[PDB]
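# Structure for the following, please:
(chains A and B)
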Amino acid sequence: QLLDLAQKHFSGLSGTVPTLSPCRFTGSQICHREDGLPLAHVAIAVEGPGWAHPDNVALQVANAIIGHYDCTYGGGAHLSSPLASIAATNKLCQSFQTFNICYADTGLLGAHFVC
Amino acid sequence: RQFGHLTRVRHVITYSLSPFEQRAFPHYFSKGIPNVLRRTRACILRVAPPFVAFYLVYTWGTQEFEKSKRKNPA
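Residues are numbered from 1 along each chain as shown, chains lettered A, B, ... in the order given. Below, you will see the structure:
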């Protein structure tokens, strides 16, 4: 029924090419020092593989090992992730997340922390 | 005092690049020779004058010692 409705409403839509250039990744640093703000944000990432690659699975396993943390998280010192237990134990940060941002044939694999 | 409370800085953006993304010697002679000339023109009138005078006082006084050790007709 969905397919019928598609045919009924969308079929006038043109299909007659913007394709995506590779995107070059660069090892680099951008630092907006603004002492007047009360906490520091840092995001760090390596070039990731991109949507299609089977490595994204193993990478997400690894990211999950390391994890995410927030100063409301109940787990604290006893947490499974060493990053998180250590960050809780020693008040190293308010929060952090690992991420694997995916694009066509590239990506950002890393972590952001606020501290 | 260590990195973290050195001083207070606001509103300054630093952009930079990994060394492995970049040349060790960007335009080493084409920019560098001109720059070195510029650097030297800047200082030589401060630095060189004394050493000129040294060379002269040393030239003169060495040869004044020469002359005084000779005999003269009298």
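
# could you pull out the strands for the chain?
Using chain A here. Secondary structure of chain A (DSSP state E): strands at A:28-34, A:41-47, A:68-70, A:95-103, A:106-114.

# wrong chain, I was asking about chain B
B:10-17.

# and the residue of it nearest chain A?
Nearest residue of chain B to chain A (C-beta to the nearest C-beta) works out as residue B:18 at 3.0 Å. The C-beta positions use only the backbone N, C-alpha and C, and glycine is treated the same way.

# Next one: residue B:52 relative to residue B:61, how far apart?
Residue B:52 sits 15 Å away from residue B:61, going by C-beta to C-beta, to the nearest Å.

# What's the local residue count around residue A:97?
Residues within reach of residue A:97, counting by other C-beta atoms under 10 Å in any protein chain shown, total 16.

# ok, now which ones touch the nearest residue to it once chain neighbours are set aside?
Of all residues not flanking residue A:97 in the chain, residue A:68 sits nearest, at 4.5 Å (C-beta to C-beta, 6 or more residues apart in numbering or on different chains). Residue A:68 is in contact with A:84, A:95-98, counting by C-beta atoms under 8 Å, 6 or more residues apart in numbering or on different chains.

# Neighbour-wise, which one of those residues leads?
With neighbours taken as other C-beta under 10 Å, the top of these is residue A:84, carrying 23 neighbours.

# Am I right that it is in contact with residue A:70?
No - Residue A:84 is beyond contact range of residue A:70, at 9.4 Å (criterion: C-beta atoms under 8 Å).

# For these two, list the residues in contact with both.
Counting by C-beta under 8 Å, 6+ apart, no residue touches both residue A:84 and residue A:70.

# To what extent is whichever residue of chain A sits closest to chain B buried, counted in neighbours?
Chain B sits closest to residue A:27 of chain A, with a gap of 3.0 Å, by C-beta to the nearest C-beta. The local packing of residue A:27 (other C-beta under 10 Å) involves 13 other residues.

# what's the nearest residue to it if we skip its chain neighbours?
Excluding its sequence neighbours, the residue lying closest to residue A:27 (C-beta to C-beta, 6+ apart) is residue B:18, at 3.0 Å.
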